[PDB]
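Protein chains in written order, with the deposited numbering: chain C, 1 to 271; chain A, 337 to 671; chain M, 21 to 55; chain B, 785 to 1127; chain J, 1 to 70; chain L, 28 to 70; chain t, 1 to 210; chain K, 1 to 116; chain n, 542 to 572, 574 to 588; chain r, 1 to 109, 164 to 307.
We put the CB at the ideal spot given by N, CA and C, even for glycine.
Have a look at the structure below before the remarks.
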Amino acid sequence: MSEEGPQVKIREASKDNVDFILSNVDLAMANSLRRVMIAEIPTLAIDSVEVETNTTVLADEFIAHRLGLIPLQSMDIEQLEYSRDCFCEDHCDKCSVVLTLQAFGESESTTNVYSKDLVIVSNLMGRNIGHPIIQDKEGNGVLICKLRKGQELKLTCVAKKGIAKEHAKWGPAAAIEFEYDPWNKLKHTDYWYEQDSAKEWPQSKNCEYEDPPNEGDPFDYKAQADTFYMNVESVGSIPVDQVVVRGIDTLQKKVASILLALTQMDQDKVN
Amino acid sequence: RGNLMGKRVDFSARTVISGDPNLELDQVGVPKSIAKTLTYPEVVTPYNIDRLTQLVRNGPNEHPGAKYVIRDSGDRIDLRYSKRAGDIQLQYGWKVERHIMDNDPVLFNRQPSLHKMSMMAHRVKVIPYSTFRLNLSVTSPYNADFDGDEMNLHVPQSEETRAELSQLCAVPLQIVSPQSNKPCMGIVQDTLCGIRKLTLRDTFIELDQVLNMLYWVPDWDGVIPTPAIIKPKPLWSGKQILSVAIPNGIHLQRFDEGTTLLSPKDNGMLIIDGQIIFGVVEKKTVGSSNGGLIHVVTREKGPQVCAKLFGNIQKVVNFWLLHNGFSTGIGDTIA
Amino acid sequence: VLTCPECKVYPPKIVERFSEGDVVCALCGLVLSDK
Amino acid sequence: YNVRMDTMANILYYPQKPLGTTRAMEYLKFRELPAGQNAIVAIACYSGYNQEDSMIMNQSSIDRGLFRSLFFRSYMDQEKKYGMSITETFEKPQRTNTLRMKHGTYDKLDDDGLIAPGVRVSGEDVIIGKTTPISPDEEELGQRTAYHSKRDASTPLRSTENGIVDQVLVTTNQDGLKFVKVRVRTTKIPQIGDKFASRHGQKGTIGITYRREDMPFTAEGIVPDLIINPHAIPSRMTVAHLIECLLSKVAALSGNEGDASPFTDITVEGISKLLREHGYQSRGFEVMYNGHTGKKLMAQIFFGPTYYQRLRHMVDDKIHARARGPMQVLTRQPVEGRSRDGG
Amino acid sequence: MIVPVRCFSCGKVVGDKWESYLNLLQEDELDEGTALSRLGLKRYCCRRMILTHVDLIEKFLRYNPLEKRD
Amino acid sequence: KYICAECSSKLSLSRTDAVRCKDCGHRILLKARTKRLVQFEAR
Amino acid sequence: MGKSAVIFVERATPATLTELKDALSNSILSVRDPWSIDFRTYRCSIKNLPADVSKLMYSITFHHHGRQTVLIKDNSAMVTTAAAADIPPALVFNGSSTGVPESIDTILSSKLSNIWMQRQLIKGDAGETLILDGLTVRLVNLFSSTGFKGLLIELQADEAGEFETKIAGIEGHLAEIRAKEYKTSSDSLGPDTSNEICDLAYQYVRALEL
Amino acid sequence: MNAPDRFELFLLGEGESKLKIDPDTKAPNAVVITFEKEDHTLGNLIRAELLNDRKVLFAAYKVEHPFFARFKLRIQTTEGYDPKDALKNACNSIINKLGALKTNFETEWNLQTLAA
Amino acid sequence: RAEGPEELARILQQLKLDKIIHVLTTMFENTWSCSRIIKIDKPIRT
Amino acid sequence: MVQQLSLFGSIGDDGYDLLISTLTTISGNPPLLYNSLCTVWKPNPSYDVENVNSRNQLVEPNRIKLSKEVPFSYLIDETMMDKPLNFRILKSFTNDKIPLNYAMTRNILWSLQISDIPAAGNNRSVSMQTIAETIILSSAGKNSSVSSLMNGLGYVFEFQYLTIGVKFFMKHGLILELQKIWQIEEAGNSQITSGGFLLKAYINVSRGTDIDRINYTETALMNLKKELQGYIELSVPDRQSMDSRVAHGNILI
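Take a look at the structure:
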């Protein structure tokens, strides 16, 4: 086992949540890891809509914005290309996905337009991608709109590849909890009290994983932050372990890009 | 009273304001489109014909660029319709009506203009979005806040006019007001709330933060102050880091109620050759008061040095306060 | 009658820029009448 | 609001009924047609971009649809009947037999002279085609040619308005003349320079927007939808803002409407007791970490939901610039009016 | 106005749960807090999304875009 | 093409025909959306 | 007659170039000056086109071969120069040329911009060239607008007798470094007419296509 | 509207160098390195790693305005040692640490799946 | 273009050294494949 | 790309011989024979270029010139090998007939060149024109030919002509040309410059921004013109005649 490197202890896992401890690591590294896990992991989402028939009570960009946030399966996103790089005109077969939506309110009672009715008509080339993410029991997923008697909606959707640094729709992580030093041994926070600070502030669940300090011990002025407690939840598109692994990979690639540029510049200086 | 004493004018804009702590004291953020609409007639000379040629080639739909070309004879060519963005050859004495570029003087005011200090000059910086930007210390002479106020921008169109705006009406030259012979600007609001929490005897700083703070001061000389507690752990006191912003050669003495030459309440202020000996800094020191730090700095060094001082102090104290934190709640009104 | 003194093309092609208070020939870009 | 062709109209995408409601609201029907949203607010100092009534906002929140409003506008026109002959006609003008045509694109007009619903109009385009017959004895001092038998009377859009035509209506007035009404739609999104207000006289403008990474966070991964400055509390003595924050937080954590009517028995200590049942510091403080470096913050932060309303003043309707342009007939000085690009 | 698909604060998705949330309120006759916690809404921001929603889509739907009076 | 305002009947009107509905006889007539969807770029 | 081949690796790593440089270090005889290459694609902006007429035009700029541009369309090549030292003296003498021409890329992107518009640009800078026994190998990292794209290898030899063996050897050398997805090409544009730089540009186009 | 495009946060413009190195004129063996299209995520990590080298004297970074994605780094090292070499060592150490972290997480996740 | 007496002495020492190196390298090549690529960080102890 | 500063004129063939001698008296150099062949190509009308920004006029369509040198073995008939290859052969080139016919030029199918209308204003003493130039070295492929190349770009053939004349090189890079132009069609060959020689004196400037050099060039050209006063009148041609855009058709010949 790699005893010279960062250590990890998973305590809990599921389809959505991973709950773990990260030890023997700096604070800067853990912070950068969480920043990348939230902001810089690609995913597949709807990026353009064109509408044929709209006899609803809502607007057009309203429904466009509603569609732009629906989650879709993006496990194999490494085999697509940024549409600004593909040589195709407009959208490719290798640099986009295409879906169609059609609905009509034939019945007297109002009819809901969910996200289970998005149908893919492009060619996937045997890649696991484009499927809508469904997490409810009934399987309907995100409800999109509402229809009455004699109302129809027809439109076509183009979904592309990007990151969360340009829109919140491509983000695969909902919210990640990041804690450390629940006993305030390092004196990083200073408490606010009325009578007794030790009682007004509740205790974190994490206190059980460290030993309380003793009043006879002088302030330890040599310690550093080393143990962090994280919890990560996914929107649903990517598996959560893949979220963590891809965050690490993206950080590695960024540092490697820095290294390559530095080597190139050193070769230039040689000239 | 409506067409001969005051009248509508050209080359002007009007927009809401906002606050920017990263801008210098005498610098204003101008939106991109407002910079694309107003112009300036620069004269083609041997020193600028290359940049001016590239500007004409750029066209009117790109910043920087140009919008019209005036010949020697008074004829004016619209660059948009004339395909000759890549064709017109410029000569000596022609004029290019170019966009407004960084470090162009402008006049800036708020209505009603009750006194002299409500109409001041600024240097432009082209920014995105639709608001104007101001340093948070000029909002006192303007009597302006950021809940919906709109101010007016006027552009000079010559060299004599530009020199007048740069040597007479500049913000640095309007600090000691002549109505009550005392400073009209100072550290205000949350920078003032922070520069006091920093200089208590309680506040000590580790190594990394001292390094970042010393980098933030743009006038640093690369020397790391020797700490005050060398052993058993190197630490820095807030007074020590804040002394870096203050120039060298500044001396200040202030004795408050019941303060001796060894202050037990940490009252008064002693500054010897740029170093804070003892004393917390607060409204009586870095505010708009007589005999404070701002007044002595202006009367000893000059307006430009005090203008630098405003931004040095703001940068250091805001960087520290970003990591300290501050709030207020209902628990502070309970007894 | 308003004609460009450099293109010398009849009938003259002219566009009025109302938002700038100008009259501009659509070929050489020359400004004919202002305000 | 769907039918009515009002001169102007604003609509909010998602309205939320407040968490703290007075008992009287049940008669003004404010829980049926609200006028704001519950925004998580953290009262703090953070980077110095919210001083003197400015505020800082979370950009991911903006992107997900918070405070996004539809905008609706309308225009009208009708054929005028001078004397006994109809002096105005609704037909697409042609450059062969027309003079004083406008620089706008006539291409989007149909054969009827009226644009059709669903076309992205833009600056200075025309949506109604109106032609005026002119008597032969009327000549524009030599401007008119032999074949210019008609004049243009079209109505271009306002110079800045952009969007999608939403409806077109054709009717007749009392005199039997034709009558056309056009309604146009647009979408407005908050940005640096807008205007927001709470229910206690505390209003401000957006001064900068941050993304979820630079936002300070709590140990539970919660992020403030906006951040205001605490230098606004003392001189205004708006203790009701703080009490509303506390009670709304307790109601959100609990799940029931919290009374806030005047002259009643609710006290601050009671709601603080009800707060500690859930597991938070009683005076509403919380521990928050820095967004950039990830450290702890020395001072705790007052944190909780509130109610905010998006006011009527947008920076897009106040911005104006002018280099040159039209003058006045009599005094020959730059005209008055922003929509008429004046000085 | 139909329920927001996502939470404005923590990025979570609440759009699909509205239909099932309405079920617990009258079929099971539960209170609002327990019903909100029954669907995994634990941060109070998601509870804010679901709890304070005014569903205006059932009023426009009894209506047409043609002929409102005043 | 056009459409009625009460019954939304499908009607076609010339440049000289009276602005009325044939079945209900009302004086309020609405247009019809562009049948051919047209793509655009917001600039 | 010299022969050339081009191999493009799409799934390469940033350090793969160093790995292949060291794995061949036993046979490396010498090293020479670095090189660069540019690769543009231009698109046709006219819609009234026949079905059989192609829409793209690939421009490849060689920096080491004396600053020369090659335009490729439908297996048709065109070679343009821009240096004053490459001008045939007859054109200078008779007056058919002013003597200081411009690159064809400026012409396409300045004067004919209403027929052709740029669509992408792929660049390669600071490549390394190594002399092995009767062989010259050039390596470079390809950078698009977004970032790193892949690895490019071009091989040139003077004697065409054992070219295939050398290609197989280099393929095996890549094989031990576990670079298994690589696309190679050594085709010739014209069986009867042999121009070296045109064939090199065609091989580049065939390797770099998606 | 004056809102700049978002893709200017992660796509370099043409003619843009991802790194720019400039000698510092005040302190010997000091360099200022400008990074483009980057934010605190990278600068904090690199500075925290550069603070572990016993031959590195000074290492500090800043992001002057939160509108533009770029930041400055400043390095000063001991005599007979190049700041670029220090940067290279820091990047190598960071990469090794991240690789070890990834291997550990994969091992733990697979063990949990076996225990799942 | 040399500037210092120490520089001149170093230049002459290098002249003798690389003259000998060239002589022996020519001797080897006229009979042997040298390597002009390998650079060792630390000189080999004598 | 160059700024070409030019002056024009014409002469009758009667004085031709005399003129030549005078030039050698001034320059100190002998004339050198030359020839060329130019083909003009225009954008294809079958393709609708909607990309011309009609509301802004960012650009207008223009015509492309392809030039090549042709050996004299195609221009000398069976009666002329006896005479040496010098300038005097031009004295026999007065007939509208010429050995090079349409079929040979069709069999031929370089320097690519584009230009713009000269600079406006009436304060210009010499014709200043902007030229963008490139060179085609070779080609390959299944349809390697100039015609196929220009059809690939989107251009089609319009006409062609043949220039024959003499060149004089003077100091400061000044070039003086005496030309005779033969238009060529399947119908036959017609000499437009009938019974005369077209005279053109010009200089090239590499960078248009440098203005000291341009002033020097204008000084040299006006000094040359003032030297030839009384013999030949060198004049600035019509600005509207040197316009080569497709929308309007005329050709200075």
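Check, Outcome
"Residues that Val952 of chain B bridges to, as DSSP identifies them", "B:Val966"
"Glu997 of chain B, buried or exposed, once every other Cβ within 10 Å from all chains shown has been counted against 16", "buried"
"Neighbourhood of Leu556 of chain n by C-beta, 6 Å cutoff - its chain only, sequence neighbours within 5 removed", "none"
"Cβ of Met809 of chain B within 8 Å of any chain M Cβ", "no"
"Pick from K:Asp82, K:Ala116, K:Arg6 that is closest to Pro28 of chain K, judged by C-alpha positions", "K:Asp82"
"Proximal residues, the stretch 899-928 of chain B versus chain L, C-beta separation under 7 Å", "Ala900, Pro901, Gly902, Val903, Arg904"
"Three or more C-beta pairs below 8 Å linking the stretch 1096-1104 of chain B and the stretch 17-32 of chain J", "no"
"Which of helix, strand or coil DSSP assigns to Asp526 of chain A", "helix"
"Contacts of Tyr21 of chain J in chain B (Cβ-Cβ under 8 Å)", "Neighbours of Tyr21 of chain J on chain B: none; closest Cβ ~12 Å, over 8 Å."
"Within chain K, the residues that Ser109 of chain t reaches when beta carbons sit closer than 7 Å", "Those do not exist, as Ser109 of chain t stays about 12 Å from chain K at its closest Cβ, beyond 7 Å."
"Neighbour flag for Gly1078 of chain B against chain C, beta carbons, 8 Å", "yes"
"Pairwise C-alpha distance: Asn842 of chain B and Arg1094 of chain B", "16 Å"
"Exposure label - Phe219 of chain C; buried when at least 16 CB within 10 Å", "exposed"
"Residue-level contact to chain J via CB, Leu57 of chain L, 8 Å cutoff", "yes"
"Whole-angstrom C-beta distance between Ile50 of chain J and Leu36 of chain J, which should lie under 8 Å", "6 Å"
"Which of helix, strand or coil DSSP assigns to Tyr465 of chain A", "coil"
"Residue from B:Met1082, B:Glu1120, B:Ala819, B:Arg1067 whose Cα sits closest to the Cα of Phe540 of chain A", "B:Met1082"
"Beta-carbon separation (whole angstroms), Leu151 of chain t vs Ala5 of chain t, contact threshold 8 Å", "Rounded, the Cβ-Cβ distance is 15 Å, inconsistent with contact."
"Distance between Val617 of chain A and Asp602 of chain A (C-alpha atoms, nearest Å)", "10 Å"
"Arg532 of chain A (DSSP reduced to helix, strand or coil)", "helix"
"Nearest neighbour of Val119 of chain C, chosen from C:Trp192, C:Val142, C:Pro132 [CA to CA]", "C:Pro132"
"Contacts that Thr16 of chain t makes with chain K (C-beta to C-beta distance below 7 Å)", "Chain K residues near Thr16 of chain t: none, gap ~15 Å exceeds 7 Å."
"Span of the alpha helix (DSSP H), counted from its first residue to its last, around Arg635 of chain A", "629-636"
"Near-chain M residues of the stretch 55-66 of chain r - C-beta to any C-beta below 9 Å", "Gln57"
"is_contact[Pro382 of chain A, chain C] using C-beta, thresh 8 Å", "no"
"Bridge-paired residues (DSSP) for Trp41 of chain r", "r:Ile64, r:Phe211"
"Closer than 8 Å to chain n by CB, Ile28 of chain t", "yes"
"Short CB-CB distance (under 8 Å) between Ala90 of chain K and chain B", "no"
"Minimum length 3: unbroken beta strand (DSSP E) runs contained in the stretch 109-174 of chain t", "116-124, 128-132, 135-143, 148-157"
"Minimum Cβ-Cβ distance from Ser53 of chain M to chain B less than 8 Å", "no"
"Limits of the alpha helix (DSSP H) - the one that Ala90 of chain K falls within", "83-115"
"is_contact[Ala69 of chain K, chain A] using C-beta, thresh 8 Å", "no"
"Distance, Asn205 of chain r Cα to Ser36 of chain L Cα", "55 Å"
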